[PDB]
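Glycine also receives a Cβ, built like all others from the backbone with ideal geometry; neighbour counts cover every protein chain displayed. Where a number appears in this text, it was derived from the coordinates with a stated rule and is not lab data.
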Amino acid sequence: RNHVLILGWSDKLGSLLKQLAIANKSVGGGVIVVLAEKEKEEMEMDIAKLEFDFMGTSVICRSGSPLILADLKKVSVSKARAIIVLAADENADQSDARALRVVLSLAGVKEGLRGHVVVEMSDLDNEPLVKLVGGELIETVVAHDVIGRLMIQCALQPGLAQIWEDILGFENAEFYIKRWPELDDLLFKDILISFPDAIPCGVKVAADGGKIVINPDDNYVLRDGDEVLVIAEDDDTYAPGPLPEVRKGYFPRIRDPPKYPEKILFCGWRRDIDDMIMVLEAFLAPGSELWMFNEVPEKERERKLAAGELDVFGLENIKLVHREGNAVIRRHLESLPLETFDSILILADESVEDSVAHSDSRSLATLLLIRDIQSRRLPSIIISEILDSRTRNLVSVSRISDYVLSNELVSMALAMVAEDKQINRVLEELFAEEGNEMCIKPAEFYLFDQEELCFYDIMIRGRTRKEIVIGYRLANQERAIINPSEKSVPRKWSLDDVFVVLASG
């Protein structure tokens, strides 16, 4: 039936169905089948209590266990085009132990599998086991670990929050990989601009086995079998064409400036924080401070950090500064130099996490308090982890530089991978210190003040500093425009503009 089969019920499910509906708009809708241990009505009642426009896409609910193979046939596991195993919202170890066992039964389906498996993981220390049972059928999406890497990136560059929501959603633009033989033997310098309604980001190199190469070589020749990667609005609004006029791009060197180290506040002891310190110390300049305000004693923090793979003496960029106290008590919060923090991350604590209903609630208190303090004390980026998206919307006050992350973005992630498994290996690098990553860079490097240039100029000028310009945010527009549509119309640019690029250090 070539459908999408979801195995499990949670709160990410509602937003997961939303994102599947948006991608299926360009097909006239599809069918989604949910297989959970809830009663049919209970699942169907919640389905109808969703006011987003389904838009051609049907949702079918069934009661059963994704451990019994006999139930996997009522919903046609062997005929599903994509099989998602939803994690749960309680014990991270219990949830991952379930996901492993669903993965077992799927690999044992003697009828074979038409599609692939997308598994939502909880503890990252438990993912390398599942990439060992199912193997190739499987793409792992460690939600808890992903939520972390997003917070760090957005905490280092604001506005990236709003941008990481456009892209990572099927609203606006997203990622696609198609094969264009018309550009066989064409130089990437040329393929970069061959698209009026896209922005080529990478290539799927056939000689390597299909490896996806973000930001490749401009002399690299498209061989027989390659597939391009672009940021386009849907899987049918992008196609190549002819190389346009070289709106002239010869901007000079313009070397990048030094690296001021930053001071970061981690609020609360999230589970597996060592994973975030590792990501953080890669990004930050030498000389930085990472302050950790939580309730755990400073003496036993080093035991939990040691037992999580982290080498604190192996740390060299950041110096851990440990402080103790309750993060929902203002008396404790105001003692901190809440002025001298380049950015503050409110983490969901691991003690409260094993019943989410309480877990966000302290982050909520922690959030509103840090806000009122930053105003009350008067004569910083604030990024908060509130897992429930329902609670996020009431509190969002997104502004910019006060972004609160929700599990809607894990749904936004699972949907991306459940539509093209190779995109997971794209998001993997972009969340990774290694290689490329999404930056916001000023217009100083790219042009002079009041320069009259099309987008192809700027998109080609980005090639001399080895970057992929994927959009912009003009001087006084709330939102950044990713993949603009009028690319060959020149316009008067200014030094207060900024460009969304695909750079790498």
Practice prompt. Check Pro240 against each of (1) at negative phi; (2) within 22 Å of the chain's Cα centre (by Cα); (3) crowded, with 18+ Cβ neighbours inside 10 Å; (4) not in a strand (DSSP E or B) and name the one condition it does not meet.
Written response: (2)
Worksheet item: How about the stretch 243-265: which of its residues are in a loop (DSSP other than H, G, I, E, B), closer than 24 Å to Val279 by Cβ and touching a strand residue (DSSP E or B) at 6+ places or on another chain (Cβ under 7 Å)?
Response: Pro261, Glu262
Worksheet item: So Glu350 clears everything in (1) surrounded by fewer than 15 Cβ atoms within 10 Å (Cβ to Cβ); (2) in a loop (DSSP other than H, G, I, E, B); (3) of a type in the set (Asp, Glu) except one condition, right? Which one?
Response: (1)
Practice prompt. Quick one: count up the residues across the stretch 269-301 that are over 21 Å from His332 (Cβ atoms), out of contact with any strand residue (DSSP E or B) (no Cβ under 9 Å at 6 or more places or on another chain) and not in a loop (DSSP other than H, G, I, E, B).
Written response: 5
Worksheet item: Can you tell me which residue in the stretch 201-232 is nearest to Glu171 (Cα to Cα), limited to those that are more than 19 Å from the chain's Cα centre (by Cα) and part of a strand (DSSP E or B)?
Response: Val228
Worksheet entry | Single residue of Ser411, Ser389, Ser343 found to be buried (at least 19 other Cβ atoms within 10 Å of the Cβ), of a type in the set (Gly, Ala, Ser) and touching a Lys or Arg at 6+ places or on another chain (Cβ under 6 Å) | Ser411
Worksheet item: Does the stretch 172-197 hold any residues that are farther than 20 Å from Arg425 by Cα and among the hydrophobic types (A, V, I, L, M, F, W, C), and which are they?
Response: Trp180, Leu183, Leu186, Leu187, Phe188, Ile191, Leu192, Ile193, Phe195
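Matching residues to (1) loosely packed, with under 14 Cβ neighbours inside 10 Å; (2) within 23 Å of the chain's Cα centre (by Cα):
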residue	(1), (2)
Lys18	no, yes
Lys38	no, no
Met45	yes, no
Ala48	yes, no
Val59	no, no
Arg62	no, no
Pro66	no, no
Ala70	yes, no
Discussion item. Out of everything in the stretch 450-485 that is of a type in the set (D, E, K, R), more than 27 Å from the chain's Cα centre (by Cα) and surrounded by fewer than 18 Cβ atoms within 10 Å (Cβ to Cβ), what residue ends up being farthest from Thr237 (Cα to Cα)?
Written reply: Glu451
Worksheet item: Is it the case that the stretch 167-174 has a residue that's surrounded by fewer than 21 Cβ atoms within 10 Å (Cβ to Cβ), of a type outside the set (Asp, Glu) and in a helix (DSSP H, G or I)?
Response: no
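Do we find that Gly314 is farther than 25 Å from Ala143 by Cβ and in contact with a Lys or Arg (Cβ under 9 Å, 6 or more places away or on another chain) in this structure?
no
Would you confirm whether or not the stretch 357-371 contains a residue that is part of a loop (DSSP other than H, G, I, E, B), surrounded by 19 or more Cβ atoms within 10 Å (Cβ to Cβ) and not hydroxyl-bearing (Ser, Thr, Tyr)?
Scanning the stretch 357-371 turns up no residue that is part of a loop (DSSP other than H, G, I, E, B), surrounded by 19 or more Cβ atoms within 10 Å (Cβ to Cβ) and not hydroxyl-bearing (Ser, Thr, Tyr).
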Discussion item. Being surrounded by fewer than 19 Cβ atoms within 10 Å (Cβ to Cβ), over 25 Å from the mean Cα position of the chain (by Cα), among the aliphatic types (A, V, I, L, M) and part of a strand (DSSP E or B) is the requirement here; does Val321 meet it?
Written reply: yes
Worksheet entry | Flag if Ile193 is buried (at least 21 other Cβ atoms within 10 Å of the Cβ), assigned to a loop (DSSP other than H, G, I, E, B) and at negative phi | yes
Worksheet, complete the sentence: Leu265 meets each of (1) among the aliphatic types (A, V, I, L, M); (2) farther than 30 Å from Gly325 by Cβ; (3) surrounded by 11 or more Cβ atoms within 10 Å (Cβ to Cβ) with one exception, condition (2)
Worksheet item: Which of the residues belonging to the stretch 116-149 are small (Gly, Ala, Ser), closer than 16 Å to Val102 by Cβ and assigned to a helix (DSSP H, G or I)?
Response: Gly135, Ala143
Discussion item. Residues that are of a type in the set (S, T, N, Q) and closer than 30 Å to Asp236 by Cβ, at least 1 per element: which helices (runs of 4 or more DSSP H) completely within the stretch 1-85 meet that?
Written reply: 12-23
Fill in: Pairs, first within 14 Å of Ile6 (Cα to Cα) in the stretch 22-48, second among the hydroxyl-bearing types (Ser, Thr, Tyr) and not in a strand (DSSP E or B), C-beta under 6 Å, six or more apart
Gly30/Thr57; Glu37/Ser65
